[PDB]
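Let's start with one chain on its own, the form deposited in one PDB entry, as C-alpha cells.
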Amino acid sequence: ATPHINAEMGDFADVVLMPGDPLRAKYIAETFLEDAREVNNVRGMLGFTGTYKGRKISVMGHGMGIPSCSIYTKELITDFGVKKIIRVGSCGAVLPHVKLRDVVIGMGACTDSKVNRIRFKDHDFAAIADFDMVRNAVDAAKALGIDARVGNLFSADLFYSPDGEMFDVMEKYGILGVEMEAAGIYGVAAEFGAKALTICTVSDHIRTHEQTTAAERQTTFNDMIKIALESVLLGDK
C-alpha cells in the first residue's frame, strides 16, 4: 500500500481509466465492468477493478488539479505496475466551432502549472500523450460512428482565473478543451516511463456557457468511456 492507495501489487490492471470524480469511477465500474471490486477507498478516492469483454480493467478517480492526479498516477505506475493511464473527463470549449458534447482527444496539453518546468530545467517540455494510445482512441471512436477532435488541451491551475484574458489566447492558438489534469499526467508518464492519454467531453462552451439536455449529455459521456475501453482492446492487438 502507499499513503494514498491501500492496495497491493495485482489489485489494479495494467491499464487504468481515470475520471476526476471518485463517484464517476464507481459509475464506470458499475456500468461497464464485469465482476468489479473496490480496491481502494482512502480519502474516498474510490478505485475498482473488473473486466470489460474479458479484459482486466481498472478505473479510479484522480481528484481535481495537476497536483492531485500527479500523486495517483505516479503511484499506479511505480507501485502497481500500471503501464497505461487513460483520463476520461470533462472540459470547457473556447473555439466557436467546438460544440457541446464534442469528444476531444488531447494529443498535447498546454499548461499554467510550473511542474514541467521544474522537471525540464526551466525550459519548454511538450506534454504529449502516447501516439499509439491516441491512434487506438481515434480508431475506436470511428468504429462507434463518433468523430473525435485531436489537438491541444489546456490544463489550468485556477478554475477561477483572475485574468480572464487567457481564454482569448487559448482560442487564438487553437486550444480544443480546457481542463485541469492532462499536462500533469503527461509529465508523470514521461518522468516515470509509462503511457498516458486524456479524452474529454465538452460540457461547457465558454463563448456561450451552456449545457443542454441531460440525456444526450449522459449519452456522449458514455460513448467517451466506450471509446476508452474499446481503445485498450485495439492496443492489445
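Note that the rigid core is defined as the largest set of C-alphas that superpose within 1.5 Å between two forms. Numbers for residues come from their place in the sequence shown, where the first is 1. Shifts are known only where both forms have a C-alpha.
What comes next is about the form deposited in another entry, which does not appear here.
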Looking at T51, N41, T31, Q211 between this form and the one not shown with the core superposed, the single C-alpha displaced by 2 Å or more is at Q211
### Query
With both forms fit on the core, is the shift of the CA atom of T220 between this form and the one not shown 2 Å or larger?
yes
A change of 3 Å or more separates this form from the other: in the other entry, the C-alpha atoms of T213 and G89 are closer
In the other entry the CA atoms of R87 and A215, compared with here and shifted by at least 3 Å, lie closer
In sequence order, the stretches of at least 3 consecutive residues present in both forms and shifting by 2 Å or more at each Cα after core superposition between this form and the one not shown are 209-220
